[PDB]
Every structure is written in structure tokens, then in C-alpha cells.
Amino acid sequence: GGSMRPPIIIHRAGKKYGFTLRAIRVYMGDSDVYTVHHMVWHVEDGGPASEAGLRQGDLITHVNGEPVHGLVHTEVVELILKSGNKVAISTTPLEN
Amino acid sequence: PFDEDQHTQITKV
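Residues numbered from 1 in each chain as written, not as in the entry; some residues may be left out. Chains lettered and ligands numbered in written order. Heavy atoms only, no water.

Caption draft 1: Expanded view of the pairing of strand β4 (residues 59-63) of chain A. All names here are of chain A. Both β4 and strand β6 (residues 86-92) contribute to a ladder of 4 bridges, which runs antiparallel. Within β6, the residue paired with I60 across the bridge is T91. Pairing between β4 and strand β5 (residues 66-67): 2 bridges, direction antiparallel. Considered in β5, the bridge of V63 is made with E66. In this structure, the hairpin formed by β4 and β5 is closed by a connection of 2 residues, where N64 is found at a positive phi of approximately 65°. (Pairing = 2+ DSSP bridges. Helix = DSSP H or I, 4+ residues; strand = E, 2+ residues; numbered from the N terminus.)

Here's what the structure looks like:
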């Protein structure tokens with residue numbers, strides 16, 4: 001199921017969306033390869049993202065409907081920025 | 001820790 005979790009439509013606040021994006025990494029239990037994930041580490045209290053429903057410690061699987069599973073921290077950052085006015089952030093639990 | 005600052009990047013958007 002690709003489309004199941006509702007995206008967090010965050011409104012533009014001048015430039016920032018009111019949250020901190022962090023490219024976390026969990027090493028794979030087999031090789032030396034790692035598993036990089038894009039998770040929001042913090043959401044400003046009363047910020048746009050907070051209003052949109054974005055929480056910290058989730059897992060951003062898609063940005064604007066685009067698969068970001070594999071991109072660099074900046075690719076997704078730009079992606080979000082490129083949205084314009086608002087951005088749909090597909091958030092899902094961070095279970096590991 | 002996965003919450004490190006080493007390889008774990010951080011940037012406010």
C-alpha cells in the first residue's frame with residue numbers, strides 16, 4: 001500500500017516550515033551498508049508544521065508525493081522547499 | 001546511536 005498515510009500539509013512561514021529535518025542512519029544488520037532515513041527531529045511549538053500535524057520522531061517517507069527513500073538530506077530539503085506555499089509530507093511511524 | 005551528529009545530518013527547512 002503506497003498511499004495510505006495522510007500527508008502533513010504544512011504552510012510556508014516566510015521560508016521555514018517550522019521544523020528540523022534530520023537525516024538519521026541505521027546500519028543494516030548484515031553488511032556495512034547503512035539505512036538512511038529522513039525524520040523530523042523537532043517542530044517549533046505553534047509552528048506551521050505543528051499546525052499541519054507534523055511531529056518529531058516520525059518518518060518522512062514521501063515529500064509532495066515523491067519517494068525520498070534513498071535521497072540525500074539536501075535532496076529532500078530542496079524537494080520540500082520546491083513545494084511552494086504548502087508541502088505535503090507523508091509521515092509514518094519510526095519503528096526500528 | 002542513530003541520533004548522533006556524525007553521519008546524521010540536521011538542517012531546518
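Caption draft 2: Layout of the pattern of salt bridges. Enumeration over the complete set of coordinates arrives at 2 salt bridges over all chains. The partner of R25 of chain A in a salt bridge is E4 of chain B, with the nearest N and O atoms 2.6 Å apart. With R25 of chain A in strand β2 (residues 19-27) and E4 of chain B in the segment before β1 (9-12), this pair bridges two chains. Overall, the relative accessible area of 7% leaves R25 of chain A in the buried class. The partner of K12 of chain B in a salt bridge is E44 of chain A, with the nearest N and O atoms 2.8 Å apart. Highlighted residues: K12 of chain B in strand β1 and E44 of chain A in the loop between β3 (34-43) and α1 (48-52), drawn from two different chains. A relative accessible area of 29% means that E44 of chain A is categorised as partly exposed. (Salt bridge = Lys/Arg side-chain N within 4 Å of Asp/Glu carboxyl O. Buried < 20%, exposed > 50% of the residue type's maximum accessible area, 1.4 Å probe, protein only.)

Caption draft 3: Quick look at helix α2 (residues 73-82) of chain A. All names here are of chain A. Every buried residue of α2 is accounted for by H73, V76, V77, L79 and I80. Viewed end-on, α2 has its buried residues packed into an arc of 160°, placing them on one side of the element. Following α2 by one or two positions, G84 has its phi on the positive side, about 80°. (Arc of directions from axis to C-beta.)

Caption draft 4: Examining the environment of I8 of chain A more closely. Residues and elements named next belong to chain A. Relative to the helices and strands, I8 is located in strand β1 (residues 7-11). Sequence separation between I8 and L54 is 46 residues; the distance between their C-alpha atoms is 6.0 Å. If sequence neighbours within four positions are ignored, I8 has contacts with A49, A52, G53, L54, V87, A88, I89 and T91. (Contact = heavy atoms within 4.5 Å.)

Caption draft 5: Representation of the sheet that holds β5 of chain A. Spatially, 4 strands are ordered β1-β6-β4-β5 (chain A) in an open sheet, and the strand pairing comes out antiparallel. Every interior strand has two partners, whereas the edge strands, β1 and β5 of chain A, have only one.

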